[PDB]
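Worksheet: the structure to be examined is printed underneath.
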There are 2 protein chains.
Amino acid sequence: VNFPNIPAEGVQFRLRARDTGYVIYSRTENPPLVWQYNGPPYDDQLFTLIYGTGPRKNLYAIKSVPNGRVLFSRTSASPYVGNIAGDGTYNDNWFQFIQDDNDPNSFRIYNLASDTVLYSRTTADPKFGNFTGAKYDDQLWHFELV
Amino acid sequence: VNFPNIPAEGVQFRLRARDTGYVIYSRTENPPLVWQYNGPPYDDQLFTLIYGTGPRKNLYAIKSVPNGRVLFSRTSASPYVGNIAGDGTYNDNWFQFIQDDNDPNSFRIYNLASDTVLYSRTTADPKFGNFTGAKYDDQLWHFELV
């Protein structure tokens, strides 16, 4: 089931992990360009959505406020999760927000092209990344409206 | 996770529900044109897959062997599940096969456009249809190679 409360197009938000409480950032310099962060609010944590239409109905590109790059999630090369300029040029720039089966107030950030979800954890490296497999709690996110 | 054993293009199969054992048919006369059936093989139970590429990577259109129409699954109007000429002209003609998380040998037939899965049950009418919501065993299918 698609998450029922996806921010309207152009509304800003942070993406905060349910369990760790970390947020995603997306920046243009100093790898990793996309990673998780536990600390003060900064502009590189701010995103909006581009709403997919037609073939991309129910998919979205996740676009940085300060730098305009969109997220990608792939399994073919490193970095696995990163950013790229444009408005979603590539198929792995498009994400579905899938409500959790047990906690309807959180969702997975799912990539149809790569069949992966994003995760955030405090333990094993890489502590932020993507994953193809079973559903775990470290894959759960919230939109934090700004 | 995408079902790991999806038939190659051109390979013919039936879609049989794990629990009811009923098969999907897709025909051109006598509504419902797409429904489930409890008897022996007939040609209108035969399908192949059109492989999505680009924006439709990991999606498939389900194409009738005898009549060439593809399946659709929608929520807006009846019939909810039906068929239509083409090779997937419309967004609701495109399906993802999502492996079950507990039974690795079965999958859900998921429609990205309508956010539904197909079900087959032996209980109340409509005994065949689509659904947006929690996971039940009556949503599980097999590819039956011919």
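The way I read the labels, and the way they are meant: chains A, B, ... in the order of the structure tokens, residue 1 as the first residue of every chain, and ligand 1 as the first ligand shown, with later ones counted on from there.
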Contacts between chain A and chain B, please, where a residue of chain B counts if it comes within 6 Å (with only C-alpha atoms); show its shortest atom pair and distance in Å to one decimal, rows by chain and ascending number, as a tab-separated table.
```
residue	atom	partner	partner_atom	distance
B:1	CA	A:133	CA	5.9
B:55	CA	A:91	CA	5.4
B:57	CA	A:113	CA	5.8
B:91	CA	A:55	CA	5.6
B:113	CA	A:57	CA	5.9
B:133	CA	A:1	CA	5.9
```
Exercise for review: Please provide the set of residues having any atom within 8 Å of residue A:62, restricted to only C-alpha atoms, with same-chain residues fewer than 6 positions apart removed, written as an MDAnalysis selection string.
Suggested key: chainID A and resid 47:50 70:71 93:95
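Residues of stretch 93-122 of chain A that DSSP places in strand (DSSP E), based on the backbone of this structure, are residues 95, 96, 97, 98, 99, 107, 108, 109, 110, 111, 116, 117, 118, 119 and 120 of chain A.
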If you keep N, CA and C atoms, can you produce a file of those selected residues as a tab-separated table (two decimals), in the first residue's frame?
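selection_13.tsv, written as the output of this step:
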```
chain	number	residue	atom	x	y	z
A	95	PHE	N	11.30	6.69	-6.96
A	95	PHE	CA	11.03	5.95	-5.73
A	95	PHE	C	9.54	5.85	-5.44
A	96	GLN	N	9.16	4.74	-4.80
A	96	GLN	CA	7.81	4.50	-4.33
A	96	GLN	C	7.88	4.58	-2.81
A	97	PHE	N	6.87	5.17	-2.17
A	97	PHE	CA	6.82	5.22	-0.72
A	97	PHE	C	5.80	4.19	-0.26
A	98	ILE	N	6.29	3.07	0.27
A	98	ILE	CA	5.43	1.93	0.57
A	98	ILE	C	5.21	1.86	2.06
A	99	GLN	N	3.96	2.01	2.47
A	99	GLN	CA	3.60	1.96	3.87
A	99	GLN	C	4.03	0.63	4.49
A	107	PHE	N	7.07	4.33	6.36
A	107	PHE	CA	7.15	3.79	5.01
A	107	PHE	C	8.58	3.42	4.66
A	108	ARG	N	8.70	2.59	3.63
A	108	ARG	CA	9.97	2.30	2.98
A	108	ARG	C	10.15	3.17	1.75
A	109	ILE	N	11.39	3.55	1.51
A	109	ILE	CA	11.77	4.32	0.33
A	109	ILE	C	12.30	3.32	-0.69
A	110	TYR	N	11.42	2.94	-1.61
A	110	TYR	CA	11.63	1.79	-2.48
A	110	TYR	C	11.98	2.22	-3.90
A	111	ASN	N	12.97	1.59	-4.48
A	111	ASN	CA	13.38	1.89	-5.84
A	111	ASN	C	12.99	0.75	-6.76
A	116	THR	N	15.37	-2.13	-4.40
A	116	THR	CA	16.01	-1.88	-3.12
A	116	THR	C	15.20	-0.92	-2.26
A	117	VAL	N	15.44	-0.97	-0.95
A	117	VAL	CA	14.92	0.03	-0.02
A	117	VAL	C	16.09	0.67	0.72
A	118	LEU	N	15.92	1.92	1.15
A	118	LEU	CA	16.95	2.60	1.94
A	118	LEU	C	16.83	2.22	3.42
A	119	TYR	N	17.96	2.21	4.12
A	119	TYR	CA	17.95	1.90	5.55
A	119	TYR	C	18.90	2.82	6.31
A	120	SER	N	18.67	2.91	7.62
A	120	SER	CA	19.49	3.69	8.54
A	120	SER	C	19.67	2.88	9.81
```
After a least-squares superposition on chain B using every in-order C-alpha pair, I'd like chain A written out as a compact mmCIF listing (two decimals) with C-alpha atoms, in the first residue's frame.
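What ended up in selection_10.txt:
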```
# COMPACT_ATOMS: atom_id res chain seq x y z
CA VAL A 1 11.70 -8.54 -3.39
CA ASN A 2 10.85 -9.38 -6.99
CA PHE A 3 9.98 -13.01 -7.60
CA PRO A 4 13.26 -14.64 -8.70
CA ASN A 5 11.77 -17.06 -11.27
CA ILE A 6 9.75 -15.01 -13.74
CA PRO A 7 9.26 -16.82 -17.09
CA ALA A 8 11.44 -15.62 -19.96
CA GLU A 9 9.74 -13.33 -22.46
CA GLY A 10 7.51 -15.37 -24.77
CA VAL A 11 7.37 -18.48 -22.59
CA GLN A 12 3.78 -19.60 -21.98
CA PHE A 13 2.26 -20.25 -18.57
CA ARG A 14 -0.92 -20.37 -16.55
CA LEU A 15 -1.36 -18.24 -13.45
CA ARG A 16 -2.52 -20.58 -10.69
CA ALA A 17 -3.57 -19.41 -7.25
CA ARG A 18 -1.55 -21.06 -4.47
CA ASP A 19 -4.47 -21.71 -2.11
CA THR A 20 -7.55 -22.23 -4.29
CA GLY A 21 -5.72 -23.93 -7.14
CA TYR A 22 -7.85 -21.95 -9.61
CA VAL A 23 -6.35 -20.38 -12.74
CA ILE A 24 -6.94 -17.02 -14.42
CA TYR A 25 -8.58 -16.87 -17.83
CA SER A 26 -8.75 -13.94 -20.24
CA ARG A 27 -11.28 -14.06 -23.09
CA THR A 28 -12.97 -11.70 -25.53
CA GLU A 29 -16.65 -12.48 -25.04
CA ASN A 30 -19.15 -13.06 -22.23
CA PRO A 31 -18.36 -10.99 -19.12
CA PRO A 32 -16.50 -11.44 -16.90
CA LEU A 33 -13.76 -11.41 -19.53
CA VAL A 34 -11.10 -12.03 -16.87
CA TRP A 35 -11.93 -14.33 -13.99
CA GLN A 36 -10.84 -17.50 -12.21
CA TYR A 37 -11.58 -21.07 -13.26
CA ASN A 38 -11.47 -24.53 -11.75
CA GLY A 39 -11.50 -27.08 -14.55
CA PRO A 40 -9.76 -28.45 -17.66
CA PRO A 41 -6.89 -26.63 -19.39
CA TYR A 42 -8.09 -24.23 -22.07
CA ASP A 43 -6.13 -21.84 -24.26
CA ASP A 44 -7.72 -18.74 -22.71
CA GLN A 45 -5.78 -19.59 -19.53
CA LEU A 46 -2.46 -19.20 -21.38
CA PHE A 47 -0.33 -16.08 -21.05
CA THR A 48 3.08 -14.74 -21.88
CA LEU A 49 4.88 -11.67 -20.54
CA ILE A 50 5.97 -8.52 -22.28
CA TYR A 51 9.06 -7.37 -20.38
CA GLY A 52 9.01 -3.71 -19.38
CA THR A 53 12.20 -1.75 -20.00
CA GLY A 54 13.49 1.69 -19.03
CA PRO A 55 10.82 3.32 -16.85
CA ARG A 56 9.03 -0.04 -16.83
CA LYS A 57 12.00 -2.10 -15.68
CA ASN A 58 10.72 -4.79 -13.28
CA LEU A 59 7.19 -4.47 -14.63
CA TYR A 60 5.47 -6.75 -17.14
CA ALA A 61 2.35 -6.88 -19.27
CA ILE A 62 0.40 -10.13 -19.04
CA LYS A 63 -0.69 -11.01 -22.57
CA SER A 64 -3.23 -13.63 -23.64
CA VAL A 65 -1.94 -16.31 -26.00
CA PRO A 66 -5.17 -16.88 -27.99
CA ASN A 67 -6.43 -13.28 -28.15
CA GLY A 68 -3.49 -10.96 -27.58
CA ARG A 69 -5.18 -8.73 -25.00
CA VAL A 70 -3.28 -7.68 -21.90
CA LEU A 71 -4.61 -7.64 -18.34
CA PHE A 72 -5.42 -4.49 -16.40
CA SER A 73 -6.20 -3.91 -12.73
CA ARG A 74 -7.82 -0.67 -11.57
CA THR A 75 -10.05 0.75 -8.85
CA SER A 76 -11.81 3.53 -10.75
CA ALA A 77 -14.49 1.51 -12.55
CA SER A 78 -15.97 -1.91 -13.24
CA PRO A 79 -14.73 -4.29 -14.29
CA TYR A 80 -11.87 -3.81 -11.81
CA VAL A 81 -9.80 -6.55 -13.44
CA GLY A 82 -10.15 -6.96 -17.17
CA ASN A 83 -8.37 -7.02 -20.48
CA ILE A 84 -7.62 -4.64 -23.32
CA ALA A 85 -5.98 -4.87 -26.74
CA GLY A 86 -2.45 -3.64 -27.35
CA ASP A 87 0.94 -4.28 -25.80
CA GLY A 88 0.42 -2.29 -22.61
CA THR A 89 -0.84 1.11 -23.78
CA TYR A 90 -2.02 2.17 -20.31
CA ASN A 91 -0.15 2.38 -17.03
CA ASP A 92 -2.54 -0.04 -15.32
CA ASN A 93 -1.52 -2.71 -17.86
CA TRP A 94 1.80 -3.15 -16.02
CA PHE A 95 2.44 -5.56 -13.15
CA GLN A 96 5.22 -6.34 -10.68
CA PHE A 97 5.64 -9.89 -9.37
CA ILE A 98 6.47 -9.47 -5.69
CA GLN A 99 7.71 -12.50 -3.80
CA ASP A 100 5.79 -13.28 -0.61
CA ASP A 101 7.67 -12.43 2.59
CA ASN A 102 7.00 -15.80 4.21
CA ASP A 103 6.63 -18.19 1.26
CA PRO A 104 9.37 -17.29 -1.24
CA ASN A 105 7.90 -19.75 -3.74
CA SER A 106 4.83 -17.63 -4.36
CA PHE A 107 4.20 -14.05 -5.41
CA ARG A 108 1.65 -11.28 -5.60
CA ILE A 109 0.53 -9.85 -8.93
CA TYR A 110 0.89 -6.18 -8.10
CA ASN A 111 -0.24 -3.18 -10.12
CA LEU A 112 1.80 -0.03 -9.54
CA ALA A 113 -0.74 2.27 -11.19
CA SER A 114 -3.64 1.20 -8.95
CA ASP A 115 -1.71 -0.07 -5.89
CA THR A 116 -3.65 -3.34 -6.00
CA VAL A 117 -2.93 -7.08 -5.95
CA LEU A 118 -4.99 -9.86 -7.55
CA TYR A 119 -6.66 -12.49 -5.36
CA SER A 120 -8.50 -15.81 -5.70
CA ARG A 121 -10.85 -17.25 -3.07
CA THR A 122 -13.77 -19.65 -2.74
CA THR A 123 -15.99 -17.67 -0.37
CA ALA A 124 -16.97 -14.00 -0.46
CA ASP A 125 -17.96 -12.23 -3.70
CA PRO A 126 -16.30 -11.17 -5.81
CA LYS A 127 -14.37 -14.43 -5.57
CA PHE A 128 -11.74 -13.15 -7.99
CA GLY A 129 -10.61 -9.55 -8.04
CA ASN A 130 -8.16 -6.96 -6.82
CA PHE A 131 -7.37 -5.48 -3.42
CA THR A 132 -5.52 -2.63 -1.78
CA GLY A 133 -4.60 -3.59 1.76
CA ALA A 134 -2.86 -6.06 4.02
CA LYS A 135 -1.07 -9.16 2.79
CA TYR A 136 -3.23 -12.28 2.80
CA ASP A 137 -2.66 -15.80 1.49
CA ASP A 138 -5.43 -15.56 -1.13
CA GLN A 139 -3.20 -13.06 -2.95
CA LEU A 140 -0.51 -15.65 -3.70
CA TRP A 141 0.15 -17.05 -7.17
CA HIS A 142 2.43 -19.43 -9.07
CA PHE A 143 3.59 -19.47 -12.69
CA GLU A 144 2.60 -22.85 -14.08
CA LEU A 145 4.84 -23.45 -17.06
CA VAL A 146 3.41 -24.90 -20.25
```
List every residue of chain B that DSSP, applied to the backbone of this structure, assigns to helix (DSSP H, G or I), and report them as a short mmCIF file (atom, residue, chain, number, x, y, z; two decimals) with N, CA, C and O atoms, in the first residue's frame.
```
data_model
loop_
_atom_site.label_atom_id
_atom_site.label_comp_id
_atom_site.auth_asym_id
_atom_site.auth_seq_id
_atom_site.Cartn_x
_atom_site.Cartn_y
_atom_site.Cartn_z
N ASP B 43 -7.22 -22.78 -23.72
CA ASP B 43 -6.23 -21.84 -24.25
C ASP B 43 -6.29 -20.44 -23.66
O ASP B 43 -5.28 -19.75 -23.62
N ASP B 44 -7.48 -20.01 -23.23
CA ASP B 44 -7.61 -18.66 -22.68
C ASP B 44 -7.02 -18.51 -21.27
O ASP B 44 -7.05 -17.43 -20.70
N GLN B 45 -6.44 -19.60 -20.75
CA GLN B 45 -5.67 -19.55 -19.50
C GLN B 45 -4.19 -19.33 -19.79
O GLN B 45 -3.39 -19.23 -18.86
N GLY B 54 13.31 0.39 -19.39
CA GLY B 54 13.40 1.81 -19.09
C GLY B 54 12.56 2.13 -17.88
O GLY B 54 12.77 1.55 -16.80
N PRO B 55 11.59 3.03 -18.03
CA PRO B 55 10.72 3.41 -16.91
C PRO B 55 9.95 2.21 -16.36
O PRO B 55 9.57 2.21 -15.19
N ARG B 56 9.75 1.20 -17.20
CA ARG B 56 8.97 0.03 -16.83
C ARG B 56 9.82 -1.17 -16.45
O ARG B 56 9.30 -2.29 -16.37
N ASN B 91 -1.09 2.64 -18.33
CA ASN B 91 -0.29 2.42 -17.14
C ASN B 91 -0.79 1.27 -16.29
O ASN B 91 0.02 0.54 -15.71
N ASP B 92 -2.10 1.08 -16.23
CA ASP B 92 -2.67 0.01 -15.42
C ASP B 92 -2.56 -1.38 -16.08
O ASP B 92 -3.15 -2.35 -15.59
N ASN B 93 -1.78 -1.46 -17.16
CA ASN B 93 -1.49 -2.73 -17.83
C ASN B 93 -0.17 -3.34 -17.32
O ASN B 93 0.27 -4.38 -17.82
N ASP B 137 -3.09 -14.75 2.29
CA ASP B 137 -2.64 -15.90 1.51
C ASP B 137 -3.41 -16.04 0.19
O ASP B 137 -2.88 -16.61 -0.77
N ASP B 138 -4.63 -15.52 0.13
CA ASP B 138 -5.44 -15.61 -1.10
C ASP B 138 -4.94 -14.69 -2.21
O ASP B 138 -5.50 -14.66 -3.31
N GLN B 139 -3.87 -13.94 -1.92
CA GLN B 139 -3.21 -13.08 -2.90
C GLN B 139 -1.97 -13.75 -3.53
O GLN B 139 -1.24 -13.11 -4.29
#
```
